[PDB]
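J.: Got a sequence here, can you build the structure:
(chains A, B, C, D, E, F, G, H, I, J and K)
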Amino acid sequence: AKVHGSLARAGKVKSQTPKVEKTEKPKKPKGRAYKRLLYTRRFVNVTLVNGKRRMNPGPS
Amino acid sequence: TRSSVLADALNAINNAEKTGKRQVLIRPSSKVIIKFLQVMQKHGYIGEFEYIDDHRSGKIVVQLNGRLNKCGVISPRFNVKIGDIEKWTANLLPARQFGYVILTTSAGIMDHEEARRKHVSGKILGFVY
Amino acid sequence: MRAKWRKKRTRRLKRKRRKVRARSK
Amino acid sequence: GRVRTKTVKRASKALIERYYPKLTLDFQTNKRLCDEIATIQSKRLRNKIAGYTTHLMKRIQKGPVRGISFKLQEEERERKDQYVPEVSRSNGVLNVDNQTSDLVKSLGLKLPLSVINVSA
Amino acid sequence: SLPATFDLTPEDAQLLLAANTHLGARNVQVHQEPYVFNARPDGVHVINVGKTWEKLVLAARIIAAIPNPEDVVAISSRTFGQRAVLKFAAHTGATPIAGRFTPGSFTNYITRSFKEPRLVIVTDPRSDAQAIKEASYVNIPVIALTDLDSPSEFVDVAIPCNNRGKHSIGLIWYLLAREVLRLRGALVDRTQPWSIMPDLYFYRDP
Amino acid sequence: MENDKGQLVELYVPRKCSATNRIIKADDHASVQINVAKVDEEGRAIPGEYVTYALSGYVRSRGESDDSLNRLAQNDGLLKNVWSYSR
Amino acid sequence: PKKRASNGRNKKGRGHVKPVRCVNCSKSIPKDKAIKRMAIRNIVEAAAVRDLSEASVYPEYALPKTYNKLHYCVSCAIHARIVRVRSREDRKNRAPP
Amino acid sequence: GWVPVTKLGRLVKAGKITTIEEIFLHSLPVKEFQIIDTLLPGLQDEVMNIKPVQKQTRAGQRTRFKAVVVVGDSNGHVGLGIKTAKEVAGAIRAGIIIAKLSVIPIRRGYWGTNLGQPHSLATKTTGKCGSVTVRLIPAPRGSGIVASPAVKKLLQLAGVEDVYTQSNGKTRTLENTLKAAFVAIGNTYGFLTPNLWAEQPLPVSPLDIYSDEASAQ
Amino acid sequence: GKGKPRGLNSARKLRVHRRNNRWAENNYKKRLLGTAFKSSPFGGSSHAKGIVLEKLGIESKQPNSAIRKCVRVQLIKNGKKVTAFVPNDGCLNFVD
RNA sequence: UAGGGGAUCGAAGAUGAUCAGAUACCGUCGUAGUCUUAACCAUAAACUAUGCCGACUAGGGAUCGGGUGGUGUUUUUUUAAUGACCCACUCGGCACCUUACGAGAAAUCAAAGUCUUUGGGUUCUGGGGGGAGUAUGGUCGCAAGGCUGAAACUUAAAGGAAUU
RNA sequence: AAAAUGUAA
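T.: Residues are numbered from 1 along each chain as shown, chains lettered A, B, ... in the order given. Right below this line is the structure:
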């Protein structure tokens, strides 16, 4: 095999990608308040009785 | 050669129920095998037997029904310490309500629950159901 | 391949290195 | 090749088993007989049905036909079921051995005894 | 249980000798058939006529023991006993299937050959091995007319007959009908000759 | 099969073989029950008077339904002699 | 895997046989594990037979025959000889026809 | 639109037998699926998994769909539905029909006591398939269905609560794992137990006394 | 028996063959043979340290076609020159 | 190894063709050899790829040895007598046929059965495949080799039966 | 009688 190749691409694609950041997202409670929202958002008023279950659906 | 005589009598009996026999024949029979025939007979597993007397060892034609399924032996003769009885019931016994493990004690050849009342112990023979 | 030929390979190869070790005695 | 298929033997068979008290070995009548009882589609098609049945009519006039009947022949079967007019219990009574002799000695009556030789 | 006069009879037994149903087999004799009355030398055997009447009267207790006398299958592989099976279902009202049997007469309810039986009857248990498996997948009684050669696989009653052919098949089914009427039927006593003819059964040529 | 306060618990009761004392379960498509009508005076088998016999699926797979047949029939009185036990 | 309870052609009861020679290629083949057929023919063909009783003397002559045994090596019996092989259940057949 | 065939199917459409226990009692087999539904209204579903089975041709390939579905309820009734159809949808509908034709009852009592309400199993029973042995051991109340994910939901719709299971061989196969469990519960009534060593009268068949109304037209 | 002695006094026979069959284990062998105490870049440790000898560019194999981008190391407690794998995207600018 | 013998076939080798090449496959000659005496060597798809003894679960026919019966036959001089064959039966056998409710991955096998319904007694070996039956030491052998028998390193497959 | 071979698509 090749013992001596090319190392010019040390972080090539890493920096040649566009510069987009994180905006200040809505606050999410910590602990007990968080699991309160999972119990309803999956069981109570449910998500969607379409086939089965989706928490991360599609473009529809 | 012929080592465990009790295991050989049970041999012809294993395939006897696998066919639906109403009779069986053992050989050459010992004193130990005699008191075991009474064990199953005592609870209602098998029927009564008839020991034919000859000038050699002996032979017994036991008339079985169809209640008995598996009759085996435990080789060799093992040492029990009272705690072995409460562990062996879950070692091979089909249930916790029915089934008997016969062994040899000083007062006779009986099972764990009967030996329970008299706190007796010794070696081991086989399993019954 | 045929392992009969693999046993002929090692046969002469051990005998070869046998006389080469005798050159040091 | 020129060989009859499914719909040919199938249709020729139906007509003969329900309308047998008719038919002949003629083509112009068996062809127009298909036009008098049932209904078809084309003419060429109808012509093939009629030709195969005149072939079958020729084998029916020779006694039994393979695979076909209509109850009329089961009564005809009872008539020719008695043959022989002579018989083959006449010659003697019972032809036996030495071994078959001891057989009658244990159970029978109207079966006499006669000895043979036999070489094993 | 025993009837009344349904025991040993001189007239019934001498008619079985005019049938050749006492003649045994040859080199062959299947384990489960030790029903002999003297071993006939030269490679032959004999059949006990009294124990053969027993087999016929017993399976007949199971014949008239079926609700509707029409769901009784009368199968025949032998061409010799084809008119004989037609006459049995002609006096009781059962269903005869002589000639081509066809796989799907007990199973495959889609066909016009399918009939749900409560009693099954076979002529030759050897060649009819197909009708044997049919009844063994639906829980139904199986009858077979064996000799000494035919294996009694999956059958209940194996009567000692003469499946070699000839007049043995027509003799068996003749007395079978006389019994389905003696016990609940249009029969009267034991001194009953029966107007029916045995020469209507048997094989007729061509 | 009961409990502390008596009562018959655990639904469904399977049958049993009268020749092998071997329980008759539903997965057996080869077990046959005999219906031998009991005849009396002037014949008459009676439409409701039968004798039941149990011959399992394994018995038929060997053809042994004929052995215990004479056995089970002889002792009840329908088989005058015919079979012999002592062999 | 193993397709015949005899593997080749029998080998139960002994454990060694004298190998003979093929007649076509002459390849050494075990005695019992070889193929040998009966060549129970006549001296000539089905035509020159009456031509012989024409030139020969005596009344009608006699007309002799010639018997032989052909030894093959399996490879020879297939090139166009006693073979044509068989199917799964048809291989167990042991009748000459 | 049901209207079945045979004496069996017509005596069920007549209401002479409302219990499936009469079926299993005389060991009589099943032929129609709609009949097992007139006796069992509470039949629920539970699809396990589908695996496309391929077959080669002179042209290329041709794969089907091996749907592994089961039926039954929380009592003692279960169903075995094996189907291989052209589509996934057809294998679901026709696979349920097959699961009705193979319905069998199960046995299970207590671990070792006798109080009330069968909670565990009865005896040590087992079923094999190919190279997969599945032994069933009785367990005390409060535990759970101890086995694989598939055999666990299988016994859920079997009516049992407590159980232990020990396997030997290659078990990563849905087919043979669950086909051997269909065998283990079938042998529940195939092993003689003392509390069932009394001789039964063995009643006369329903299609004998009712064989008068379902015969013909 | 089925290939074994159910003998009361043959307790040592069972012990003899057992130890010899344990040598067939890849885990038992390496354990009692002290493979790390002999060779193996890690002698009884899970963590170690070395010094960069040089910067390499080793590639990959099948069913692929690309480069791995690597480097070289050297044992301190031993003195054995080795080779390591550089994780993440790039970061070769922080090694040296 | 050493003597004797040494027809035939025939590792090597020779050789005419054959192929693109032919130191192979085809032909022909022929050293050792193939045989025997006295020593060796000690491995074989040395296999029933199935260790040794013990018991039971099967319908049957062949068939070698001994055994018992048959008012069976042949030999004839003469009923004989044996000897030969036939038939019933039988142990030790050499195998087979149809199934196997059994077991088995399947092919299959009355054993490879009596294994989760888990134990008759007992011997030896393997534990993914390679590396590699290779190394070092030892040990027998005239030599060749035999016996015991590694490590470093490598890889996610090797492999077995079976259907299209 | 003679008649070999298969680049990353």
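
J.: List phi and psi for residue B:126.
T.: phi -160, psi -170 (degrees, to the nearest 10).

J.: OK, contacts around the closest residue to it other than its chain neighbours?
T.: Counting by Cβ to Cβ, 6 or more residues apart in numbering or on different chains, residue B:126 lies nearest to residue B:73, which is 4.3 Å off, once chain neighbours are set aside. For the C-beta atoms, the positions are set from N, CA and C on the backbone; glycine is no exception. By Cβ atoms under 8 Å, 6 or more residues apart in numbering or on different chains, the contact set of residue B:73 is B:4, B:6-7, B:10, B:125-126.

J.: One more pass at 6 Å, please.
T.: By Cβ atoms under 6 Å, 6 or more residues apart in numbering or on different chains, the residues touching residue B:73 are B:6-7, B:126.

J.: and those near RNA strand J, which?
T.: Checking these against RNA strand J by Cβ under 7 Å from any atom of the strand, the ones in range are residue B:7.

J.: okay, the contacts of residue B:73 in JSON lines with distance to residue H:19 next?
T.: Listed next are those as JSON lines, based on distance: Cβ to Cβ, whole Å:
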{"residue": "B:6", "distance to residue H:19": "47"}
{"residue": "B:7", "distance to residue H:19": "47"}
{"residue": "B:126", "distance to residue H:19": "42"}
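
J.: Mind checking which of the contacts of residue B:73 are buried?
T.: B:6, B:126 (16 or more other Cβ atoms under 10 Å in any protein chain shown).

J.: Relative to chain E, which of the contacts of residue B:73 is nearest.
T.: Comparing the contacts of residue B:73 against chain E with Cβ to the nearest Cβ places residue B:7 closest, at 30.0 Å.

J.: is stretch H:192-204 up against RNA strand J anywhere?
T.: No - Stretch H:192-204 stays clear of RNA strand J (Cβ under 7 Å from any atom of the strand), getting no nearer than 9.6 Å.

J.: Now do that stretch: distance from first to last residue.
T.: Stretch H:192-204 has an end-to-end distance of 23 Å (Cα to Cα, to the nearest Å).

J.: now swap in stretch I:39-47 and tell me
T.: End-to-end for stretch I:39-47, by Cα to Cα: 16 Å.

J.: for that stretch, which positions count as buried?
T.: Going by 16+ other Cβ under 10 Å, stretch I:39-47 has no buried residues at all.

J.: Residues in contact with it: which ones?
T.: I:36, I:48, I:82.

J.: go again using 10 Å as the cut-off
T.: Stretch I:39-47 is contacted from outside by I:30, I:34-37, I:48, I:50, I:73, I:75, I:77-78, I:80, I:82, I:84, using Cβ atoms under 10 Å, 6 or more residues apart in numbering or on different chains.

J.: Which of these fall within strands?
T.: Judged by DSSP state E, the subset of the contacts of stretch I:39-47 located in strands is I:73, I:82, I:84.

J.: rewinding a little: look up phi and psi at the residue nearest to residue B:126.
T.: Per-residue torsions, residue B:73: phi -130, psi 160 (degrees, to the nearest 10).

J.: Please report the distance of it from chain D.
T.: 52 Å (Cβ to the nearest Cβ, to the nearest Å).

J.: just the strands in chain H please.
T.: In chain H, the segments counted as strands under DSSP E are H:44-51, H:65-72, H:77-85, H:104-105, H:125-127, H:132-137, H:164-169.

J.: Nearest to residue C:8 among these would be which one?
T.: With Cβ to Cβ as the criterion, residue C:8 lies closest to strand H:164-169 of the strands of chain H, at 42.4 Å.

J.: sorry, back to before: give me the subset of the contacts of stretch I:39-47 that also touch chain B.
T.: Near chain B, taking Cβ under 10 Å from any Cβ of the partner chain as the test, no member of the contacts of stretch I:39-47 is found.

J.: Okay, and which of these map to helices?
T.: Applying DSSP state H to those, the entries found in helices are residue I:30.

J.: Make a ChimeraX selection of whichever of the contacts of stretch I:39-47 turn out to be buried.
T.: A single ChimeraX command selects the buried members of the contacts of stretch I:39-47 (16+ other Cβ under 10 Å):
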select /I:50,73,75
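
J.: Put together TSV for the contacts of stretch I:39-47, with distance to chain H on each row.
T.: Listed next are these as TSV, based on distance: Cβ to the nearest Cβ, whole Å:
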residue	distance to chain H
I:30	28
I:34	36
I:35	32
I:36	34
I:37	39
I:48	39
I:50	42
I:73	41
I:75	42
I:77	44
I:78	43
I:80	42
I:82	39
I:84	37
